[PDB]
Ligand SMILES: CC(C)(COP(=O)(O)OP(=O)(O)OC[C@H]1O[C@@H](n2cnc3c(N)ncnc32)[C@H](O)[C@@H]1OP(=O)(O)O)[C@@H](O)C(=O)NCCC(=O)NCCC[N+](=O)[O-]
Ligand SMILES: CC(C)(COP(=O)(O)OP(=O)(O)OC[C@H]1O[C@@H](n2cnc3c(N)ncnc32)[C@H](O)[C@@H]1OP(=O)(O)O)[C@@H](O)C(=O)NCCC(=O)NCCC[N+](=O)[O-]
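Chains as they are written, first to last, in my numbering: chain A, 30 to 464; chain B, 30 to 464.
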């Protein structure tokens, strides 16, 4: 009765027409300029991509198809007896642009349970990886290796007409989402629960719940945390490194598996998703040097040492946001409700009072406020997930939702190869006169 | 006596100063505008990046630090008794901006021989991969898995001051270049020469020569072809999918292994590097349908069928070039000298007379001329490398030279995170009025 694929089939042609006409009227309209400083500055401030699923406001934070986090929390379907939004529902919203019914949500849950299966070659590879190989590397290689299963890759090789790309992208996307938790959980078990098994998928549970069972966690509040985590880490517009990388690779017609694996390699960078892990490592050294209950002046000192040593303070700052990330606020509120007295949380809370002032004093950061990565690990640690090198894997799993939702649209809308023009310093100087 | 690392140590500070001053004077100078059509069109025509190593001219083709291909052919050091430029020399040029001496070239050759070694976990993974897993996927996963060895990753984790990033990038870059041929050759042997071994590196040979020996080819002309191939596939400015992907991932501080693997995933796309393989598959179906010696009218028909079926004609067209790719011309000239009567070459030559006219007649392609991918496989096939699904691996190996040369510079120059702003259609319409 419910079939997302049938819903998209109706939506596609209309969006195609609307963009066609808009472009007819305003294709040559200028929306901005490019300066020397923007080229040298990693395109900061350049409007360079169309990405439909979410849009980030520098002051207000992210909107998912027009809704803020508080709105989603409020509108999206929850688990029975639950309080946090189910990521399945967030997926529906991103893809269709409409708030799903609970019935629609349960269909997604079933679909993902049905498609969850790992090929033996992938199981083998994971089982043979050494324990010093970083979890994000293990994740990316496994996803790359899953491409033997790609339906898009297969149809392409068979000569499918370009107009049908979206259909095969959608299949691969739902298959990949389905398989992610099995990949991620097998890594977790092999690394940290050596000799145990992930077990099997229960077609009757929500995606987050099967995931936490495979991770081996029983706490019900942990399940709720996982639901919220996976929902809020989902998408963050198109120019962030992971999304942009998936977009750019997907534009060459690489299949969703290859596109998502490349994105993971970008998420593994210390300036991107790896910050969630870095925050915890920095806090551990903190508590270690200073010891649990530090004074304000000592925290300052410690922050300064980092800055003075030519390092960044993880979890603070943003390329676009200019105010406190609502994703951070959202986490804080969860902590205040569930683990108000945890000492680490307490430390994280104290840094909120300090860090921004030091960054401001330093005068370099454009945004001295915290970002999502500053509050995520702390929540995880409380529930027993102390393996900090694994944190980014959770972010990867969530991020699949948003990048794949857009990927289906990029192909539906016929977006071409992403290929800007580059310039050398010497050539740019000439273009101007030099300096 | 020769030490590239010492050469870079002197060059870095000067370039830093020159860019600093230029930016002081012209940072706010506008170099272009952004239109609606550019955002929807994968940034076509947008000047968006600084990339130092090579610059592409739409009419004249690529220049490597200011030199054209014919110039390189002429200036770069050759093998003893050789005619084609050694890629080692091309690497020196890209990195320093100066033409190396043969003595400098031999140092690179030795250095790469010395650093060539594979960790057992990587050997194991390759040996367990199934034969239906595409060679490019196998390559990317192995490179990702090599990241356990990253020196950059390690130094970062130790808190290295940002000013020294370049030094560790350079080490990883030389290590990765060194190891590429062993990875690539082991895949080749496992897939197509099952039961045999790649053997060992001869510290006395050039990089291309150790590579062809590991691939198992004895023909001396094959060695010369490999030298030229690896030289010309090296770099193609910064906005091409593979280079741009390495640049973007590297900008988040992911190590060179992760950055290069992500790039490979972009090179594996049918619209990018996979075209070299696609051309051969299309030619095989051609010769199969029509049979070896086709007439012009029949080739036309065959081209039309492709176009009419909603597919691209591989090997023709470009996002930036507007005339015949000099890399194509360069290949043709090699063919004319060495394999003038090969029937496939002959076919490729015939298509040159036909394809462009049909594309022009169709009126959609901006560039109806051939690109590099249209002529590369044919050369390979002649020498016995008939495994067309493997062709893109060779391109990956070459491409490492250029993207890694730039990567060292990106970190030396302190380029920040690549993070443009995205927009939804709805938001863009609002920005204007709509349409
Ligand atoms: C997010 C980030 C990369 C944004 O980069 P940009 O847009 O280039 O930041 P911005 O324009 O503020 O840079 C101005 C200067 O302040 C410096 N600065 C910015 N944020 C920080 C920070 N948290 N700690 C120290 N220095 C900083 C920045 O490195 C730059 O210095 P320099 O000119 O010497 O290169 C940067 O804020 C950062 O490195 N933050 C710390 C790492 C982090 O938390 N990453 C996670 C972000 C979220 N995610 O991606 O999952
Ligand atoms: C290289 C390529 C992606 C450039 O893309 P663009 O800059 O978007 O090309 P362009 O501006 O000419 O596109 C105009 C129209 O012509 C179409 N067109 C362009 N080249 C081709 C071609 N070779 N065969 C059929 N149609 C083509 C193109 O798809 C587009 O159609 P639509 O509007 O319906 O989307 C495109 O020429 C192509 O698909 N070529 C064939 C694949 C190929 O040879 N790739 C290898 C390139 C080199 N490399 O990357 O290693």
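We put the CB at the ideal spot given by N, CA and C, even for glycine.
Residue closest to residue i, alpha-carbon to alpha-carbon, out of the options
{"i": "residue 66 of chain B", "options": "A:64, A:58 and A:65", "result": "A:58"}
{"i": "residue 245 of chain A", "options": "A:405, A:396, A:226 and A:459", "result": "A:226"}
{"i": "residue 396 of chain A", "options": "A:200, A:178 and A:341", "result": "A:341"}
{"i": "residue 126 of chain A", "options": "A:94, A:180, A:393 and A:100", "result": "A:94"}
{"i": "residue 449 of chain A", "options": "B:460, B:362 and B:271", "result": "B:271"}
{"i": "residue 74 of chain B", "options": "B:347, B:31 and B:38", "result": "B:347"}
{"i": "residue 206 of chain A", "options": "A:195, A:361, A:159 and A:144", "result": "A:144"}
{"i": "residue 45 of chain B", "options": "B:453, B:439, B:456 and B:455", "result": "B:439"}
{"i": "residue 333 of chain A", "options": "A:307, A:390 and A:88", "result": "A:390"}
{"i": "residue 428 of chain B", "options": "B:48, B:201 and B:116", "result": "B:116"}
{"i": "residue 239 of chain B", "options": "B:210, B:407, B:398 and B:122", "result": "B:210"}
{"i": "residue 335 of chain B", "options": "A:273, A:461, A:187 and A:130", "result": "A:187"}
{"i": "residue 323 of chain A", "options": "A:377, A:76, A:285 and A:88", "result": "A:377"}
{"i": "residue 410 of chain B", "options": "B:308, B:37 and B:147", "result": "B:308"}
{"i": "residue 354 of chain B", "options": "B:275, B:321, B:404 and B:235", "result": "B:404"}
{"i": "residue 146 of chain B", "options": "B:39, B:415, B:178 and B:368", "result": "B:178"}
{"i": "residue 79 of chain A", "options": "B:77, B:219 and B:454", "result": "B:454"}
{"i": "residue 5 of chain A", "options": "A:217, A:247, A:286 and A:242", "result": "Residue 5 of chain A cannot be examined here, being either before or after the span of chain A that is shown, 30 to 464."}
One or two residues paired with residue i in a DSSP bridge
{"i": "residue 452 of chain A", "result": "B:79"}
{"i": "residue 64 of chain A", "result": "B:59"}
{"i": "residue 330 of chain B", "result": "Partner(s): none; residue 330 of chain B has no beta bridge."}
{"i": "residue 399 of chain A", "result": "A:345"}
{"i": "residue 85 of chain A", "result": "A:91"}
{"i": "residue 96 of chain A", "result": "A:93"}
{"i": "residue 107 of chain A", "result": "A:114"}
Sub-7 Å separation of residue i and residue j beta-carbons
{"i": "residue 451 of chain B", "j": "residue 463 of chain A", "result": "no"}
{"i": "residue 114 of chain A", "j": "residue 282 of chain B", "result": "no"}
{"i": "residue 137 of chain A", "j": "residue 175 of chain A", "result": "no"}
{"i": "residue 418 of chain A", "j": "residue 153 of chain B", "result": "no"}
{"i": "residue 331 of chain A", "j": "residue 315 of chain A", "result": "yes"}
{"i": "residue 280 of chain A", "j": "residue 446 of chain A", "result": "yes"}
{"i": "residue 441 of chain A", "j": "residue 141 of chain A", "result": "no"}
{"i": "residue 339 of chain A", "j": "residue 180 of chain B", "result": "no"}
{"i": "residue 197 of chain B", "j": "residue 412 of chain B", "result": "no"}
{"i": "residue 237 of chain B", "j": "residue 256 of chain B", "result": "yes"}
{"i": "residue 402 of chain A", "j": "residue 297 of chain A", "result": "no"}
{"i": "residue 284 of chain A", "j": "residue 182 of chain A", "result": "yes"}
{"i": "residue 159 of chain B", "j": "residue 131 of chain B", "result": "no"}
{"i": "residue 202 of chain B", "j": "residue 433 of chain B", "result": "yes"}
{"i": "residue 394 of chain A", "j": "residue 235 of chain A", "result": "no"}
Residue i versus residue j - alpha carbon distance
{"i": "residue 258 of chain A", "j": "residue 329 of chain B", "result": "56 Å"}
{"i": "residue 91 of chain A", "j": "residue 224 of chain B", "result": "55 Å"}
{"i": "residue 313 of chain A", "j": "residue 32 of chain B", "result": "40 Å"}
{"i": "residue 81 of chain B", "j": "residue 343 of chain A", "result": "30 Å"}
{"i": "residue 362 of chain B", "j": "residue 379 of chain B", "result": "15 Å"}
{"i": "residue 222 of chain A", "j": "residue 228 of chain B", "result": "38 Å"}
{"i": "residue 278 of chain A", "j": "residue 443 of chain A", "result": "15 Å"}
{"i": "residue 352 of chain A", "j": "residue 265 of chain A", "result": "15 Å"}
{"i": "residue 431 of chain B", "j": "residue 262 of chain B", "result": "9 Å"}
{"i": "residue 185 of chain B", "j": "residue 310 of chain A", "result": "13 Å"}
{"i": "residue 171 of chain B", "j": "residue 288 of chain A", "result": "17 Å"}
{"i": "residue 384 of chain B", "j": "residue 325 of chain B", "result": "10 Å"}
{"i": "residue 42 of chain A", "j": "residue 49 of chain A", "result": "10 Å"}
{"i": "residue 407 of chain A", "j": "residue 104 of chain B", "result": "59 Å"}
{"i": "residue 101 of chain B", "j": "residue 301 of chain B", "result": "24 Å"}
{"i": "residue 34 of chain B", "j": "residue 119 of chain B", "result": "16 Å"}
Residue i: CB within 6 Å of a non-hydrogen atom of ligand 3
{"i": "residue 42 of chain A", "result": "Looking at this structure, you won't find ligand 3 anywhere; what it does contain is ligand 1 and ligand 2."}
**Study point:** At least three beta-carbon pairs within less than 8 Å, the region 160–168 of chain A to the region 290–310 of chain A
**Key:** yes
Practice item. Flag this pair as touching only if the region 420–428 of chain A and the region 361–380 of chain A have three or more C-beta atom pairs under 8 Å; answer yes or no. Key: no
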